[PDB]
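A.B. asks: One structure follows; several queries about it will come next.
Note: ideal-geometry Cβ built from the backbone for every residue, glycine included; neighbour counts use all protein chains shown. Laboratory data are not the source of any read-out in this text; all were calculated from the coordinates shown.
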Amino acid sequence: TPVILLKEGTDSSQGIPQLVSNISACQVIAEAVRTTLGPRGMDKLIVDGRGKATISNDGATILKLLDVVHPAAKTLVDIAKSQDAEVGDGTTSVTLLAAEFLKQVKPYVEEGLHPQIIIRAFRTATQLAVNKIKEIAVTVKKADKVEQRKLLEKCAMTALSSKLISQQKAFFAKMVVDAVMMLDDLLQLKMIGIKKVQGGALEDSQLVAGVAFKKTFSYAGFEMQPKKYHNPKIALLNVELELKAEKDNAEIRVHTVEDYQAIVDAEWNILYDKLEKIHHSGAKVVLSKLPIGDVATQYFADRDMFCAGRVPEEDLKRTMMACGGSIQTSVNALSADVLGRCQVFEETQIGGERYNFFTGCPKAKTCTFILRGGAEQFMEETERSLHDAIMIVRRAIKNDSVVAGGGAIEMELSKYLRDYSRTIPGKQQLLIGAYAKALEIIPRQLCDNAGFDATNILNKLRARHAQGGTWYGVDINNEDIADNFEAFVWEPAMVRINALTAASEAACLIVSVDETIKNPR
Amino acid sequence: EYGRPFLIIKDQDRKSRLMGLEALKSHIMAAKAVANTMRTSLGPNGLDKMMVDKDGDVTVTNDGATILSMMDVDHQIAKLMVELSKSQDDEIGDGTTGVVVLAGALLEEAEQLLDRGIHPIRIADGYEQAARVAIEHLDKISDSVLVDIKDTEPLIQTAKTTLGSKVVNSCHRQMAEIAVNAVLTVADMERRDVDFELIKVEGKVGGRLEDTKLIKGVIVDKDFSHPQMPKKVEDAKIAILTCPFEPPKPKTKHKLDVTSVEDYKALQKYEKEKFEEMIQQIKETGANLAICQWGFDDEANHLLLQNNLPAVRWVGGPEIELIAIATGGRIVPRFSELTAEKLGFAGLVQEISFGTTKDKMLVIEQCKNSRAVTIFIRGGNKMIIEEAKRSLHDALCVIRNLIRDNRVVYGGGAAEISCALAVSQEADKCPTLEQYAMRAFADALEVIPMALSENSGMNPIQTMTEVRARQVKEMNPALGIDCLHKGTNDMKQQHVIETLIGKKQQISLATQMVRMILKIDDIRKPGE
Ligand SMILES: Nc1ncnc2c1ncn2[C@@H]1O[C@H](COP(=O)(O)OP(=O)(O)O)[C@@H](O)[C@H]1O
Ligand SMILES: Nc1ncnc2c1ncn2[C@@H]1O[C@H](COP(=O)(O)OP(=O)(O)O)[C@@H](O)[C@H]1O
Ligand SMILES: [Mg+2]
Ligand SMILES: [Mg+2]
């Protein structure tokens, strides 16, 4: 007693009281995101310490902004980022499924059932559940080109149904699909630029098959040079075209004024040599990451050619990929190949700002979005919904297998597990039965949000599925059930498969905890 | 044991939360307060507000965007109305206060629908449908007017309508003339674009408000370098320079070694000679005046005077690029590169002196065709000058839209009344529970004629009822509120005009904002 084993302030709890308290803790996390699911879901508004406000419907984003410190709840936060980093859609579905798994086995833990028996039960059905999804997934391996452009649109619209831009999903889906089909075979996400300019209606958004970026800081004389060309040649640079000192490690020592005047004229002759080398190559538009001096701009003005400096790195790489040139750090080898060709260049006004447009490139590998909102959080929320459409199409390209949504898939799995538990004896019958009950939370949370009789609809759905109607889900508008595969409610097979494994792994990990020790500070 | 205090969130005690309908109702009350503060400032008979800054500065203004910008607010919904006002201002520049009144009255009509058991997504969907029906009817009653320098009377009438709501209305016939002419001398017709960086608005206190004039040249806040130079020239050939009037200096680190007396004397001669060559090089090209961006030396200043050549010192960056465009010259960075083909021309350059103060200004006038122009504002108070600058900026933006789109509708509430009837007409055919949403939209579209009548001193309900019946019996969609007490109700005869894009932006922007407010059902704040 006088010398205590562990330092003072150490917290230690264990047993059934500790484990049950973890189950109830995860219910609060699943509560924050519960009513954000469905064609009729809401948003949440969160304000941090500094007063900045964020309005979002993305499930993964809400959990990040919460300051969760409960060790067991942090597991549900991480699986949200897991679904975010792999498929990008289904961050709330994997959260509700996680909480429902734990709540349905909670009474058995009170009865004293050994958790390792519970763990074996979860891992048994997941291999059955996953193998059921792959069997009944619908695909057409024959390569029809117009069916592919229709399948991707149906997948894209269904990913936008629960977002702020639902009223224009048919308009945005066409824009998103066109973006991906011309984005190479590796599909770098940096090859797509999303810009945000205030003012204007939502239908004024546009897609430019080229590169467009913001006007940069320009020196005196920028305004006497033309702002439109038809067949210009673009010379991309990484060289600072301004009068300066050659090397920071340089030093000049001289005796006579005759050399003094010769040295003063030496700096000008260097600068005029580079600018004369560019002008002879026949290029009309010059872009450089480094600053462009006023002398260069005035010189570029006298010959009706356009200059731009301090262009961001990312915007330059997209311009090279869209025009087809190369960055040059020297002005001695400007061959005809290192230049970029576009079909028209112009500078226009967009909502109070000035933007440079490079449009008309037939060999482009890059697009750019111009989003028009009314407030800062209006376009930020708009881009977060666009990102869900981009990633969904990217996955669908690699594997074109879809299943019907709207709760149709959760009832086919639950019926299958219910018809398999009755075959096996023992406590393995109750655990799998409780597992199959947790799979019908998704159809219940859709009806609860909309405002129907959630009890009646589930009874109708359960009878249709067991009658032998595989793809029957919920009808939001008609307050009934209907086939969602002929109603064009699709989603890739990857979204559900990645939903089960992450949900099953989180439930198994939490149940397998015995005691928690927290040491001071 | 079951529910003993267990921590889930950092600082769990200090954070509040609102869920359910009490969340939506709190937003509506916050939104209504902003709209009722700025209901007064609508229409020609509107009143103003006097803002007070953080440090004590006083600003009296009537512009919708500025009031919501200088205001400091805490409620998150209030900041959403501020951002709504700014977005309309950037895109159009006129109709900043009208939109927030429409947005506010659009939320108020939804309170009854929420109470009667309607899911707000149904309300939000209904509002979107009504706006589409209203917009397609809006350009069915439009009237393309004109864009041409020959006539300029339709453009003046539109400029008169916008200025009629400000304190500038005391002389708004004159101010309309200045605004329209300024745009048409900078406007590029083929690209259908105008650049505001070529229009300089400068105001100086004193004088009278009616002394405002349009100068088709450049005015700078400088004077001649030497006090004894002449104060005017009449055939100015302008030489614009960028290098200073000093002996050269390389930028890289350098040292010059003097090792003997003859070396010292050769350096002394090189100094004084260098001063001569620059001024000789200027004069042989035939230049009459010299404009420089940097300073002069004492030796170089006097030699200019001795050669009868006025000059200006320490001018600004943007000023130089304007003078180059205005006078048609070119900018040279070295004396050596100066030629006779690069000089500009100017009919008159003068120094104008105001009253008791020492302030002096230089003005460049009477050139050839100029793509640059400046507005000069005078007035007896700094608060007039600020107001005159903002009101004139309103006039220029409206004319810009007429360049973009050349069809207009008639204001004074005539457009709103006619749109409301069209939406109400469509509501009688849609039976799928969405009819209630549409009638709430049309009722919230009449809040602009109500706001106009109340300020004019009439009775709202009677005045609107008579006008709406007339628009149904007759086929006249151009009857509004007679806020100036002239006798007639036809806005076509009274010459009240508003651009089409102004109206389409107002309706489309407000409806899309409500669809975001109505979609929020939760909130989390840290207490104080
Ligand atoms: N047209 C539709 N009919 C019925 N349900 C739909 C429809 N469109 C989307 N859903 C439902 O939306 C749910 C998920 O929406 P989403 O926001 O993508 O979830 P998550 O946030 O988990 O990605 C799916 O379970 C699906 O049932
Ligand atoms: N002579 C007039 N008679 C009746 N209404 C007018 C007249 N002039 C302007 N209005 C109306 O005043 C309204 C508000 O304009 P204003 O007060 O300038 O602020 P904003 O233009 O930002 O709404 C416009 O809807 C316009 O129709
Ligand atoms: Mg989605
Ligand atoms: Mg106004």
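A.B. asks: Which of (1) within 14 Å of ligand 1 (Cβ to nearest atom); (2) touching a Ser or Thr at 6+ places or on another chain (Cβ under 8 Å); (3) in a loop (DSSP other than H, G, I, E, B) is the odd one out, the single condition A:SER161 does not satisfy?
C.D. replies: Evaluating A:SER161 over (1) within 14 Å of ligand 1 (Cβ to nearest atom); (2) touching a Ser or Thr at 6+ places or on another chain (Cβ under 8 Å); (3) in a loop (DSSP other than H, G, I, E, B) leaves (2) as the failure.
A.B. asks: Taking the criterion of being within 31 Å of the chain's Cα centre (by Cα), closer than 21 Å to A:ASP304 by Cβ and within 14 Å of another protein chain (Cβ to nearest Cβ), would at least one residue in segment A:334-343 satisfy it?
C.D. replies: Checked segment A:334-343: no residue is within 31 Å of the chain's Cα centre (by Cα), closer than 21 Å to A:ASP304 by Cβ and within 14 Å of another protein chain (Cβ to nearest Cβ).
A.B. asks: So, one more: Of the numbered conditions (1) exposed (fewer than 15 other Cβ atoms within 10 Å of the Cβ); (2) touching a helix residue (DSSP H, G or I) at 6+ places or on another chain (Cβ under 9 Å); (3) within 14 Å of another protein chain (Cβ to nearest Cβ), B:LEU18 fails exactly one; give the number of that condition.
C.D. replies: Answer for B:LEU18: the failing condition is (1).
A.B. asks: Okay, moving on. If I go through segment B:95-119 residue by residue, how many of them are in a helix (DSSP H, G or I) and either within 16 Å of ligand 1 (Cβ to nearest atom) or surrounded by 22 or more Cβ atoms within 10 Å (Cβ to Cβ) (or both)? Outline the logic, then answer.
C.D. replies: First, pick out the residues of segment B:95-119 that are in a helix (DSSP H, G or I): B:96-115.
Filter once more, so that each one left must be either within 16 Å of ligand 1 (Cβ to nearest atom) or surrounded by 22 or more Cβ atoms within 10 Å (Cβ to Cβ) (or both): B:96-107, B:110.
Number of matching residues: 13.
A.B. asks: With the condition kept exactly as written, say whether any residue in segment B:61-75 is over 30 Å from A:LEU66 (Cα atoms), part of a loop (DSSP other than H, G, I, E, B) and either within 16 Å of ligand 1 (Cβ to nearest atom) or of a type outside the set (S, T, N, Q) (or both).
C.D. replies: Of all residues in segment B:61-75, those over 30 Å from A:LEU66 (Cα atoms) come to B:61-71.
Checking the rest, the ones that are also part of a loop (DSSP other than H, G, I, E, B) come to B:62-63, B:71.
Filter once more, so that each one left must be either within 16 Å of ligand 1 (Cβ to nearest atom) or of a type outside the set (S, T, N, Q) (or both): B:63, B:71.
Looking for residues that are over 30 Å from A:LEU66 (Cα atoms), part of a loop (DSSP other than H, G, I, E, B) and either within 16 Å of ligand 1 (Cβ to nearest atom) or of a type outside the set (S, T, N, Q) (or both), one finds at least one in segment B:61-75, hence yes.
A.B. asks: Please specify each residue of segment A:359-390 satisfying the condition of being touching a helix residue (DSSP H, G or I) at 6+ places or on another chain (Cβ under 6 Å) and either within 14 Å of chain B (Cβ to nearest Cβ) or among the small types (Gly, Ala, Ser) (or both).
C.D. replies: Filtering segment A:359-390 for residues touching a helix residue (DSSP H, G or I) at 6+ places or on another chain (Cβ under 6 Å) gives A:361, A:364-367, A:371-375, A:389.
A:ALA364, A:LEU371, A:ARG372, A:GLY373, A:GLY374, A:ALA375, A:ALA389, listed by residue number.
A.B. asks: If only one of A:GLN167, A:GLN127 is assigned to a helix (DSSP H, G or I), more than 25 Å from A:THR319 (Cα to Cα) and in contact with an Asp or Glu (Cβ under 6 Å, 6 or more places away or on another chain), which one is it? Spell out how you get there, then give the answer.
C.D. replies: Values: A:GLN127 fails: in contact with an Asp or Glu (Cβ under 6 Å, 6 or more places away or on another chain).
Being assigned to a helix (DSSP H, G or I), more than 25 Å from A:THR319 (Cα to Cα) and in contact with an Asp or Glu (Cβ under 6 Å, 6 or more places away or on another chain) holds for just one of A:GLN167, A:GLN127, which is A:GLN167.
A.B. asks: Output the residue which, of all residues in segment A:466-502 that are small (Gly, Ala, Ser), over 20 Å from A:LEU97 (Cα atoms) and touching a strand residue (DSSP E or B) at 6+ places or on another chain (Cβ under 9 Å), is nearest to ligand 1 (Cβ to nearest atom). Show your work before the answer.
C.D. replies: In the first step, residues of segment A:466-502 are kept if they are small (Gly, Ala, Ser); the result is A:466, A:468-469, A:473, A:482, A:487, A:493, A:499, A:502.
In the following step, the residues that additionally are over 20 Å from A:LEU97 (Cα atoms) were identified as A:466, A:468-469, A:482, A:487.
Narrowing further to those that are touching a strand residue (DSSP E or B) at 6+ places or on another chain (Cβ under 9 Å): A:469, A:482, A:487.
Values: A:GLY469: 16, A:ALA482: 9, A:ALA487: 7 Å.
Among those that are small (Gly, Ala, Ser), over 20 Å from A:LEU97 (Cα atoms) and touching a strand residue (DSSP E or B) at 6+ places or on another chain (Cβ under 9 Å), it is A:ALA487.
A.B. asks: Also, I was wondering about something else. List every residue pair whose Cβ atoms sit under 8 Å apart, with the two residues 6 or more apart in sequence or on different chains, where the first one lies in segment A:239-259 and is at the interface with chain B (Cβ under 7 Å from one of its Cβ atoms) and among the charged types (D, E, K, R) and the second, anywhere, is part of a strand (DSSP E or B) and surrounded by 12 or more Cβ atoms within 10 Å (Cβ to Cβ).
C.D. replies: A:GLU251/B:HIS254; A:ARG253/B:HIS254
A.B. asks: Can you pull out the residues in segment B:325-351 that are surrounded by fewer than 24 Cβ atoms within 10 Å (Cβ to Cβ), among the hydrophobic types (A, V, I, L, M, F, W, C) and within 11 Å of another protein chain (Cβ to nearest Cβ)?
C.D. replies: B:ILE325, B:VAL332, listed by residue number.
A.B. asks: Kindly check whether there is at least one residue in segment A:391-398 that is crowded, with 22+ Cβ neighbours inside 10 Å, away from ligand 2 (no atom under 16 Å from the Cβ), under 27 Å from A:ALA201 (Cβ atoms) and more than 14 Å from chain B (Cβ to nearest Cβ). Reasoning before the result, please.
C.D. replies: Just the residues of segment A:391-398 that are crowded, with 22+ Cβ neighbours inside 10 Å, to begin with: A:392-393, A:396.
This time we only want the ones that are away from ligand 2 (no atom under 16 Å from the Cβ), so: A:392-393, A:396.
Subset that is under 27 Å from A:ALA201 (Cβ atoms): A:392-393.
Of the ones still in play, those that are also more than 14 Å from chain B (Cβ to nearest Cβ) are A:392-393.
Yes: one or more hits.
A.B. asks: Within the set of pairs 6 or more residues apart or between chains, which connect a residue that is within 7 Å of chain A (Cβ to nearest Cβ) inside segment B:507-528 to a residue that is among the acidic types (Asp, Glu) and not in a helix (DSSP H, G or I) with Cβ atoms less than 7 Å apart?
C.D. replies: Going by the 7 Å Cβ cut-off, the qualifying pairs are B:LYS519/A:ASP43; B:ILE520/A:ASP43.
A.B. asks: Here's something else I'd like to know. Condition first: in contact with a helix residue (DSSP H, G or I) (Cβ under 9 Å, 6 or more places away or on another chain) and under 26 Å from B:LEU322 (Cα atoms). Can you find one or more residues in segment A:243-261 that meet it?
C.D. replies: yes
Residues are listed down the side, and each one gets a yes or a no for (1) closer than 25 Å to A:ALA262 by Cβ; (2) among the aromatic types (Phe, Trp, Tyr):
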| site | (1), (2) |
| --- | --- |
| B:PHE245 | yes, yes |
| B:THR252 | yes, no |
| B:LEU256 | yes, no |
| B:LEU303 | no, no |
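A.B. asks: Condition first: within 13 Å of chain A (Cβ to nearest Cβ), of a type outside the set (A, V, I, L, M) and surrounded by fewer than 21 Cβ atoms within 10 Å (Cβ to Cβ). Now tell me which residues in segment B:470-506 satisfy that.
C.D. replies: Within segment B:470-506, just B:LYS504 meets the criteria.
A.B. asks: Further question on the same structure: With the checklist (1) charged (D, E, K, R); (2) within 14 Å of chain B (Cβ to nearest Cβ); (3) touching an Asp or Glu at 6+ places or on another chain (Cβ under 7 Å) in hand, flag the one item A:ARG40 doesn't pass.
C.D. replies: Of the numbered conditions (1) charged (D, E, K, R); (2) within 14 Å of chain B (Cβ to nearest Cβ); (3) touching an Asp or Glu at 6+ places or on another chain (Cβ under 7 Å), the odd one out for A:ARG40 is (3).
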